[PDB]
>>> print(open('model.cif').read())   # mmCIF, N, CA, C and O atoms
data_run
#
loop_
_atom_site.label_atom_id
_atom_site.label_comp_id
_atom_site.auth_asym_id
_atom_site.auth_seq_id
_atom_site.Cartn_x
_atom_site.Cartn_y
_atom_site.Cartn_z
N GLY F 26 -2.72 -3.76 22.52
CA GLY F 26 -2.95 -2.64 23.47
C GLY F 26 -2.20 -1.39 22.99
O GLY F 26 -2.77 -0.54 22.33
N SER F 27 -0.93 -1.29 23.30
CA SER F 27 -0.14 -0.10 22.85
C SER F 27 0.40 -0.32 21.43
O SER F 27 0.31 0.54 20.59
N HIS F 28 0.94 -1.49 21.17
CA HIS F 28 1.48 -1.78 19.81
C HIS F 28 0.72 -2.94 19.17
O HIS F 28 -0.09 -3.58 19.82
N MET F 29 0.97 -3.22 17.91
CA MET F 29 0.27 -4.34 17.20
C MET F 29 -1.22 -4.04 17.01
O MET F 29 -1.79 -3.23 17.72
N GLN F 30 -1.85 -4.69 16.05
CA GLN F 30 -3.31 -4.47 15.77
C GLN F 30 -3.56 -3.05 15.24
O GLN F 30 -3.31 -2.07 15.92
N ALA F 31 -4.06 -2.93 14.04
CA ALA F 31 -4.33 -1.58 13.45
C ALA F 31 -5.81 -1.23 13.58
O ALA F 31 -6.67 -2.00 13.19
N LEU F 32 -6.12 -0.08 14.12
CA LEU F 32 -7.55 0.33 14.27
C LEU F 32 -7.66 1.83 14.52
O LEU F 32 -8.04 2.27 15.59
N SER F 33 -7.33 2.63 13.54
CA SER F 33 -7.41 4.11 13.71
C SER F 33 -7.98 4.79 12.46
O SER F 33 -7.92 6.00 12.33
N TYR F 34 -8.50 4.02 11.52
CA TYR F 34 -9.06 4.58 10.24
C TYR F 34 -7.92 5.14 9.38
O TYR F 34 -7.76 4.77 8.23
N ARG F 35 -7.12 6.02 9.93
CA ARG F 35 -5.98 6.60 9.17
C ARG F 35 -5.04 5.48 8.71
O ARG F 35 -4.44 5.56 7.66
N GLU F 36 -4.91 4.44 9.50
CA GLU F 36 -4.01 3.31 9.11
C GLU F 36 -4.49 2.68 7.79
O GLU F 36 -3.71 2.39 6.91
N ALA F 37 -5.78 2.50 7.65
CA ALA F 37 -6.33 1.92 6.39
C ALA F 37 -6.17 2.92 5.24
O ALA F 37 -5.85 2.55 4.13
N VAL F 38 -6.37 4.19 5.51
CA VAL F 38 -6.21 5.23 4.44
C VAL F 38 -4.74 5.33 4.04
O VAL F 38 -4.41 5.44 2.88
N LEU F 39 -3.85 5.29 5.01
CA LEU F 39 -2.39 5.37 4.70
C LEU F 39 -1.98 4.21 3.78
O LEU F 39 -1.24 4.39 2.84
N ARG F 40 -2.48 3.02 4.05
CA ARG F 40 -2.13 1.85 3.19
C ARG F 40 -2.77 2.02 1.80
O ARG F 40 -2.14 1.79 0.79
N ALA F 41 -4.01 2.43 1.76
CA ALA F 41 -4.70 2.62 0.44
C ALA F 41 -4.02 3.74 -0.35
O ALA F 41 -3.78 3.61 -1.53
N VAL F 42 -3.71 4.84 0.30
CA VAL F 42 -3.04 5.98 -0.41
C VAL F 42 -1.67 5.53 -0.94
O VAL F 42 -1.30 5.85 -2.06
N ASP F 43 -0.93 4.78 -0.17
CA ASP F 43 0.40 4.29 -0.64
C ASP F 43 0.19 3.29 -1.78
O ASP F 43 0.92 3.29 -2.76
N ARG F 44 -0.80 2.44 -1.67
CA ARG F 44 -1.08 1.45 -2.75
C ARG F 44 -1.46 2.18 -4.04
O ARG F 44 -1.06 1.80 -5.12
N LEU F 45 -2.24 3.24 -3.93
CA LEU F 45 -2.64 4.02 -5.14
C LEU F 45 -1.39 4.53 -5.85
O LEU F 45 -1.28 4.49 -7.06
N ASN F 46 -0.43 5.01 -5.10
CA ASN F 46 0.83 5.52 -5.71
C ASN F 46 1.58 4.38 -6.41
O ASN F 46 2.15 4.56 -7.47
N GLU F 47 1.58 3.21 -5.82
CA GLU F 47 2.29 2.04 -6.43
C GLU F 47 1.49 1.45 -7.60
O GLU F 47 2.04 1.10 -8.62
N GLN F 48 0.19 1.33 -7.45
CA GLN F 48 -0.64 0.74 -8.55
C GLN F 48 -0.74 1.70 -9.75
O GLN F 48 -0.91 1.27 -10.87
N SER F 49 -0.62 2.99 -9.53
CA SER F 49 -0.71 3.95 -10.67
C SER F 49 0.60 3.97 -11.46
O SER F 49 1.67 3.84 -10.91
N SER F 50 0.50 4.14 -12.76
CA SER F 50 1.72 4.19 -13.62
C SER F 50 2.04 5.65 -13.97
O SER F 50 2.35 5.98 -15.09
N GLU F 51 1.94 6.52 -13.00
CA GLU F 51 2.21 7.97 -13.24
C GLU F 51 3.71 8.28 -13.12
O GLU F 51 4.50 7.45 -12.69
N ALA F 52 4.11 9.47 -13.48
CA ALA F 52 5.54 9.86 -13.39
C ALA F 52 5.88 10.34 -11.97
O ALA F 52 6.85 9.91 -11.39
N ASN F 53 5.07 11.21 -11.42
CA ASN F 53 5.34 11.71 -10.04
C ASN F 53 4.34 11.12 -9.05
O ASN F 53 3.17 10.98 -9.35
N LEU F 54 4.79 10.78 -7.87
CA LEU F 54 3.88 10.20 -6.84
C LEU F 54 2.86 11.25 -6.37
O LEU F 54 2.96 12.42 -6.69
N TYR F 55 1.88 10.83 -5.61
CA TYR F 55 0.86 11.79 -5.10
C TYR F 55 0.62 11.57 -3.61
O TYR F 55 -0.04 10.63 -3.20
N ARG F 56 1.15 12.44 -2.79
CA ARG F 56 0.97 12.30 -1.31
C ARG F 56 -0.41 12.84 -0.91
O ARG F 56 -0.98 13.68 -1.58
N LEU F 57 -0.95 12.35 0.18
CA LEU F 57 -2.30 12.83 0.63
C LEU F 57 -2.21 14.28 1.13
O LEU F 57 -1.57 14.56 2.13
N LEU F 58 -2.85 15.19 0.45
CA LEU F 58 -2.83 16.62 0.89
C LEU F 58 -3.76 16.81 2.10
O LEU F 58 -3.49 17.62 2.97
N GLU F 59 -4.85 16.08 2.15
CA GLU F 59 -5.80 16.21 3.29
C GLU F 59 -6.75 15.01 3.33
O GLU F 59 -7.20 14.53 2.31
N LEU F 60 -7.06 14.52 4.51
CA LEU F 60 -7.99 13.36 4.63
C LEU F 60 -9.34 13.83 5.17
O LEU F 60 -9.41 14.73 5.99
N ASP F 61 -10.40 13.23 4.71
CA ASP F 61 -11.76 13.64 5.17
C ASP F 61 -12.29 12.69 6.25
O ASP F 61 -11.74 11.63 6.48
N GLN F 62 -13.37 13.06 6.89
CA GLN F 62 -13.97 12.19 7.94
C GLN F 62 -15.34 11.68 7.45
O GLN F 62 -16.36 12.27 7.74
N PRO F 63 -15.29 10.61 6.69
CA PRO F 63 -16.52 10.02 6.10
C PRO F 63 -17.34 9.27 7.16
O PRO F 63 -16.90 9.08 8.28
N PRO F 64 -18.52 8.84 6.76
CA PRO F 64 -19.43 8.09 7.68
C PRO F 64 -18.87 6.69 7.96
O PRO F 64 -18.10 6.16 7.18
N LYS F 65 -19.26 6.09 9.06
CA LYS F 65 -18.77 4.72 9.41
C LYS F 65 -17.24 4.66 9.33
O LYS F 65 -16.67 4.13 8.39
N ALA F 66 -16.56 5.19 10.32
CA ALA F 66 -15.07 5.18 10.31
C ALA F 66 -14.55 4.75 11.69
O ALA F 66 -14.81 5.40 12.69
N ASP F 67 -13.83 3.66 11.73
CA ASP F 67 -13.28 3.15 13.03
C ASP F 67 -14.41 2.74 13.98
O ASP F 67 -14.34 2.93 15.18
N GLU F 68 -15.46 2.17 13.44
CA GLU F 68 -16.61 1.72 14.28
C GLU F 68 -17.33 0.54 13.60
O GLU F 68 -18.52 0.34 13.77
N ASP F 69 -16.60 -0.25 12.85
CA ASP F 69 -17.20 -1.43 12.15
C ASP F 69 -16.09 -2.24 11.47
O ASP F 69 -15.68 -1.93 10.37
N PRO F 70 -15.63 -3.26 12.15
CA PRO F 70 -14.54 -4.11 11.61
C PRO F 70 -15.04 -5.02 10.47
O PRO F 70 -14.44 -5.09 9.42
N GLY F 71 -16.13 -5.72 10.68
CA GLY F 71 -16.67 -6.63 9.61
C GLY F 71 -17.02 -5.82 8.35
O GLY F 71 -16.78 -6.26 7.25
N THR F 72 -17.58 -4.66 8.52
CA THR F 72 -17.95 -3.82 7.33
C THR F 72 -16.77 -2.94 6.91
O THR F 72 -16.03 -2.46 7.75
N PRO F 73 -16.63 -2.75 5.62
CA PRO F 73 -15.53 -1.91 5.08
C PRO F 73 -15.70 -0.45 5.51
O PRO F 73 -16.76 -0.04 5.96
N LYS F 74 -14.67 0.34 5.38
CA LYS F 74 -14.75 1.77 5.79
C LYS F 74 -14.64 2.68 4.56
O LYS F 74 -13.62 2.70 3.89
N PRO F 75 -15.69 3.42 4.31
CA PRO F 75 -15.71 4.36 3.16
C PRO F 75 -14.77 5.53 3.44
O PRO F 75 -15.09 6.44 4.17
N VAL F 76 -13.59 5.50 2.86
CA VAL F 76 -12.59 6.60 3.10
C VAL F 76 -12.66 7.66 2.00
O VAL F 76 -13.19 7.42 0.93
N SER F 77 -12.13 8.82 2.26
CA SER F 77 -12.14 9.92 1.24
C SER F 77 -11.02 10.93 1.56
O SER F 77 -10.88 11.37 2.68
N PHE F 78 -10.22 11.29 0.58
CA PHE F 78 -9.11 12.27 0.85
C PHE F 78 -8.63 12.95 -0.43
O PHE F 78 -8.88 12.48 -1.53
N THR F 79 -7.92 14.03 -0.29
CA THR F 79 -7.38 14.75 -1.47
C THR F 79 -5.89 14.47 -1.59
O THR F 79 -5.16 14.53 -0.61
N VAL F 80 -5.42 14.16 -2.77
CA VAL F 80 -3.96 13.87 -2.95
C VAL F 80 -3.33 14.90 -3.88
O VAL F 80 -3.93 15.34 -4.84
N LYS F 81 -2.12 15.30 -3.60
CA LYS F 81 -1.43 16.31 -4.45
C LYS F 81 -0.12 15.74 -5.02
O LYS F 81 0.41 14.76 -4.53
N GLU F 82 0.39 16.34 -6.07
CA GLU F 82 1.66 15.84 -6.69
C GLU F 82 2.87 16.10 -5.78
O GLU F 82 3.03 17.18 -5.23
N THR F 83 3.74 15.13 -5.64
CA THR F 83 4.96 15.31 -4.78
C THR F 83 6.21 15.47 -5.67
O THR F 83 6.11 15.53 -6.89
N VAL F 84 7.37 15.55 -5.08
CA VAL F 84 8.62 15.72 -5.90
C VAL F 84 9.39 14.40 -6.02
O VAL F 84 10.61 14.37 -5.94
N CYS F 85 8.71 13.30 -6.20
CA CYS F 85 9.41 11.99 -6.33
C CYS F 85 8.77 11.13 -7.42
O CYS F 85 7.55 11.05 -7.50
N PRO F 86 9.60 10.52 -8.22
CA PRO F 86 9.10 9.66 -9.32
C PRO F 86 8.53 8.35 -8.77
O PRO F 86 8.80 7.97 -7.65
N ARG F 87 7.71 7.68 -9.55
CA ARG F 87 7.07 6.39 -9.10
C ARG F 87 8.06 5.45 -8.37
O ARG F 87 7.84 5.11 -7.23
N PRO F 88 9.12 5.06 -9.06
CA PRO F 88 10.13 4.14 -8.44
C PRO F 88 10.96 4.86 -7.37
O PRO F 88 12.09 5.26 -7.61
N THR F 89 10.42 5.03 -6.19
CA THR F 89 11.17 5.72 -5.09
C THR F 89 11.49 4.75 -3.94
O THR F 89 12.27 5.08 -3.06
N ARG F 90 10.90 3.57 -3.93
CA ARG F 90 11.16 2.58 -2.83
C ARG F 90 10.64 3.14 -1.49
O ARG F 90 11.09 2.74 -0.43
N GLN F 91 9.70 4.05 -1.54
CA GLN F 91 9.13 4.65 -0.29
C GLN F 91 7.76 5.29 -0.59
O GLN F 91 7.43 5.54 -1.73
N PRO F 92 7.02 5.54 0.46
CA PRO F 92 5.67 6.16 0.31
C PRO F 92 5.80 7.64 -0.08
O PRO F 92 6.85 8.24 0.09
N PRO F 93 4.72 8.19 -0.60
CA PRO F 93 4.72 9.62 -1.02
C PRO F 93 4.89 10.56 0.19
O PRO F 93 5.42 11.65 0.06
N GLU F 94 4.48 10.14 1.36
CA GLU F 94 4.65 10.99 2.57
C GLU F 94 6.15 11.17 2.88
O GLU F 94 6.57 12.19 3.39
N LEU F 95 6.95 10.18 2.56
CA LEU F 95 8.42 10.27 2.82
C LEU F 95 9.06 11.39 1.98
O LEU F 95 10.07 11.95 2.35
N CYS F 96 8.47 11.72 0.85
CA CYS F 96 9.04 12.79 -0.02
C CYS F 96 8.41 14.15 0.30
O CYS F 96 7.57 14.28 1.17
N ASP F 97 8.83 15.18 -0.40
CA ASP F 97 8.29 16.56 -0.15
C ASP F 97 6.90 16.72 -0.79
O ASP F 97 6.14 15.77 -0.90
N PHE F 98 6.55 17.92 -1.20
CA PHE F 98 5.21 18.15 -1.82
C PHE F 98 5.27 19.33 -2.80
O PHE F 98 5.81 20.37 -2.49
N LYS F 99 4.71 19.18 -3.97
CA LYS F 99 4.72 20.30 -4.96
C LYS F 99 3.49 21.18 -4.76
O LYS F 99 2.37 20.74 -4.94
N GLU F 100 3.68 22.42 -4.39
CA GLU F 100 2.50 23.32 -4.19
C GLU F 100 1.78 23.57 -5.52
O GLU F 100 0.58 23.70 -5.57
N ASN F 101 2.52 23.60 -6.61
CA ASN F 101 1.88 23.82 -7.94
C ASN F 101 1.42 22.48 -8.56
O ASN F 101 1.11 22.41 -9.73
N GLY F 102 1.38 21.42 -7.78
CA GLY F 102 0.94 20.10 -8.32
C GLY F 102 -0.58 20.01 -8.28
O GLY F 102 -1.22 20.52 -7.38
N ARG F 103 -1.17 19.35 -9.24
CA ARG F 103 -2.66 19.21 -9.26
C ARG F 103 -3.10 18.27 -8.13
O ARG F 103 -2.36 17.41 -7.69
N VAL F 104 -4.31 18.43 -7.65
CA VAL F 104 -4.79 17.55 -6.54
C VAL F 104 -6.04 16.77 -6.99
O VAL F 104 -6.84 17.26 -7.77
N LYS F 105 -6.20 15.57 -6.50
CA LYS F 105 -7.39 14.75 -6.89
C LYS F 105 -8.01 14.11 -5.65
O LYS F 105 -7.32 13.58 -4.80
N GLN F 106 -9.32 14.15 -5.53
CA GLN F 106 -9.98 13.54 -4.35
C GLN F 106 -10.25 12.06 -4.60
O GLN F 106 -11.25 11.68 -5.20
N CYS F 107 -9.37 11.21 -4.15
CA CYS F 107 -9.56 9.74 -4.35
C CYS F 107 -10.31 9.16 -3.15
O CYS F 107 -9.93 9.35 -2.01
N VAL F 108 -11.40 8.47 -3.40
CA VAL F 108 -12.20 7.89 -2.28
C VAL F 108 -12.51 6.41 -2.55
O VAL F 108 -12.82 6.02 -3.66
N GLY F 109 -12.43 5.59 -1.54
CA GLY F 109 -12.72 4.13 -1.72
C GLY F 109 -13.13 3.52 -0.38
O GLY F 109 -13.17 4.19 0.63
N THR F 110 -13.44 2.24 -0.37
CA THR F 110 -13.84 1.59 0.92
C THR F 110 -12.87 0.46 1.27
O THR F 110 -12.51 -0.35 0.43
N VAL F 111 -12.43 0.40 2.51
CA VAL F 111 -11.48 -0.68 2.93
C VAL F 111 -11.71 -1.08 4.39
O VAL F 111 -12.05 -0.26 5.22
N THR F 112 -11.54 -2.34 4.70
CA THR F 112 -11.75 -2.80 6.12
C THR F 112 -10.57 -2.39 7.01
O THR F 112 -9.47 -2.15 6.53
N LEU F 113 -10.80 -2.30 8.29
CA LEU F 113 -9.71 -1.90 9.24
C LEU F 113 -9.28 -3.09 10.12
O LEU F 113 -8.25 -3.05 10.76
N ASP F 114 -10.06 -4.15 10.15
CA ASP F 114 -9.69 -5.33 10.99
C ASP F 114 -9.38 -6.54 10.10
O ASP F 114 -9.75 -7.66 10.41
N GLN F 115 -8.70 -6.33 8.99
CA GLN F 115 -8.37 -7.47 8.08
C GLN F 115 -7.39 -7.02 6.99
O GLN F 115 -7.34 -5.86 6.63
N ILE F 116 -6.64 -7.94 6.44
CA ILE F 116 -5.68 -7.58 5.35
C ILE F 116 -6.33 -7.92 4.00
O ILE F 116 -7.54 -7.94 3.88
N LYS F 117 -5.54 -8.18 2.98
CA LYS F 117 -6.11 -8.50 1.64
C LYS F 117 -7.05 -7.38 1.19
O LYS F 117 -8.26 -7.51 1.19
N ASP F 118 -6.48 -6.26 0.82
CA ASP F 118 -7.31 -5.09 0.38
C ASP F 118 -7.15 -4.84 -1.13
O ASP F 118 -6.09 -4.43 -1.58
N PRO F 119 -8.21 -5.09 -1.86
CA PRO F 119 -8.19 -4.88 -3.33
C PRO F 119 -8.23 -3.38 -3.66
O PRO F 119 -8.30 -2.54 -2.78
N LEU F 120 -8.18 -3.05 -4.93
CA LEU F 120 -8.21 -1.61 -5.32
C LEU F 120 -9.63 -1.21 -5.76
O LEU F 120 -10.03 -1.43 -6.89
N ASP F 121 -10.39 -0.63 -4.86
CA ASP F 121 -11.79 -0.22 -5.21
C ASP F 121 -12.02 1.25 -4.82
O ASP F 121 -12.90 1.57 -4.04
N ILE F 122 -11.24 2.15 -5.37
CA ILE F 122 -11.41 3.60 -5.04
C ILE F 122 -11.60 4.42 -6.32
O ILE F 122 -11.08 4.09 -7.37
N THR F 123 -12.33 5.50 -6.23
CA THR F 123 -12.56 6.38 -7.42
C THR F 123 -12.11 7.81 -7.10
O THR F 123 -12.31 8.30 -6.01
N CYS F 124 -11.50 8.48 -8.05
CA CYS F 124 -11.04 9.88 -7.79
C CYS F 124 -11.86 10.87 -8.62
O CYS F 124 -12.20 10.61 -9.76
N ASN F 125 -12.19 12.01 -8.05
CA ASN F 125 -13.00 13.02 -8.80
C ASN F 125 -12.41 14.43 -8.65
O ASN F 125 -13.13 15.40 -8.57
N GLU F 126 -11.10 14.53 -8.64
CA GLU F 126 -10.41 15.87 -8.53
C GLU F 126 -10.78 16.59 -7.22
O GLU F 126 -11.61 16.14 -6.45
N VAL F 127 -10.14 17.70 -6.96
CA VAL F 127 -10.42 18.47 -5.72
C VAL F 127 -10.89 19.89 -6.06
O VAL F 127 -10.26 20.59 -6.83
N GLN F 128 -11.99 20.32 -5.50
CA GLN F 128 -12.50 21.69 -5.79
C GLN F 128 -11.65 22.73 -5.05
O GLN F 128 -11.70 22.83 -3.84
N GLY F 129 -10.88 23.50 -5.77
CA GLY F 129 -10.02 24.53 -5.13
C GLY F 129 -8.55 24.16 -5.30
O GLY F 129 -7.83 23.99 -4.34
N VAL F 130 -8.10 24.04 -6.52
CA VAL F 130 -6.67 23.69 -6.78
C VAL F 130 -6.28 24.03 -8.23
O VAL F 130 -5.11 24.26 -8.47
#
>>> encode(input="model.cif", output="C-alpha cells")
Amino acid sequence: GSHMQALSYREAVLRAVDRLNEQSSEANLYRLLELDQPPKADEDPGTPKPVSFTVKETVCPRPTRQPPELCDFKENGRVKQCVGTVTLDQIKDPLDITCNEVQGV
C-alpha cells in the first residue's frame, strides 16, 4: 500500500540507470539528465516496460559505492540517450538497453 512493492515506472528506470553505471567500465559515472515517457509504462506487469532517458557525465569515478544521482553533475559532460525494456513487477533484470546519444548537447 504505502511502502513495499515497486510500481511507478521510475523505480525500474532508476535500477536500470544505476546498473548501467556499474556494468559500464567508464571512468566517470553517468547520472540520468532527463527521463522520457515511452509507450506502455506502469500499465503491464507481465510485459516488460520500454524505458528511455538521457544520461550525462557526473563528477564521480566508477568505484563510488553509490548511484550517480548521489553525486553532482558535469554541465560540460556529454549526454547519451540510453533506452531499454524492463519489467516493473519482477526482479532478475538482464542488460538489454541501447544508447544513441542525445540531440542537443
>>> residues_around(input="model.cif", residues="residue 64 (chain F)", least_positions_apart="5", cutoff="7 Å", atoms="all atoms listed in the file", output="ChimeraX atom specification")
/F:73-76
>>> resolve_selection(input="model.cif", expression="the PyMOL selection byres ((chain F and resi 43) around 8)", output="JSON, numbers by chain")
{"F": [36, 37, 38, 39, 40, 41, 42, 44, 45, 46, 47, 48, 49, 55, 56, 57, 91, 92, 93, 94]}
>>> atom_distance(input="model.cif", atom1="atom N of residue 35 (chain F)", atom2="atom N of residue 84 (chain F)")
22.9 Å
>>> residues_around(input="model.cif", residues="residue 102 (chain F)", least_positions_apart="4", cutoff="7 Å", atoms="all atoms listed in the file", output="ChimeraX atom specification")
/F:80-83,98,130
>>> residues_around(input="model.cif", residues="residue 67 (chain F)", least_positions_apart="4", cutoff="7 Å", atoms="only N, CA, C and O atoms", output="compact mmCIF listing (two decimals) with N, CA, C and O atoms, keeping the file's coordinate frame")
# COMPACT_ATOMS: atom_id res chain seq x y z
N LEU F 32 -6.12 -0.08 14.12
CA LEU F 32 -7.55 0.33 14.27
C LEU F 32 -7.66 1.83 14.52
O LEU F 32 -8.04 2.27 15.59
N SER F 33 -7.33 2.63 13.54
CA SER F 33 -7.41 4.11 13.71
C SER F 33 -7.98 4.79 12.46
O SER F 33 -7.92 6.00 12.33
N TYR F 34 -8.50 4.02 11.52
CA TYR F 34 -9.06 4.58 10.24
C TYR F 34 -7.92 5.14 9.38
O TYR F 34 -7.76 4.77 8.23
N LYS F 74 -14.67 0.34 5.38
CA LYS F 74 -14.75 1.77 5.79
C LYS F 74 -14.64 2.68 4.56
O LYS F 74 -13.62 2.70 3.89
>>> resolve_selection(input="model.cif", expression="the PyMOL selection byres (((chain F and resi 60 and name CA) around 8) and name CA)", output="VMD selection string")
chain F and resid 57 to 59 61 to 62 77 to 79
>>> atom_distance(input="model.cif", atom1="CA of residue 96 (chain F)", atom2="CA of residue 124 (chain F)")
21.7 Å
>>> closest_residue(input="model.cif", among="F:122, F:54, F:31, F:127", to="residue 86 (chain F)", atoms="only C-alpha atoms")
F:54
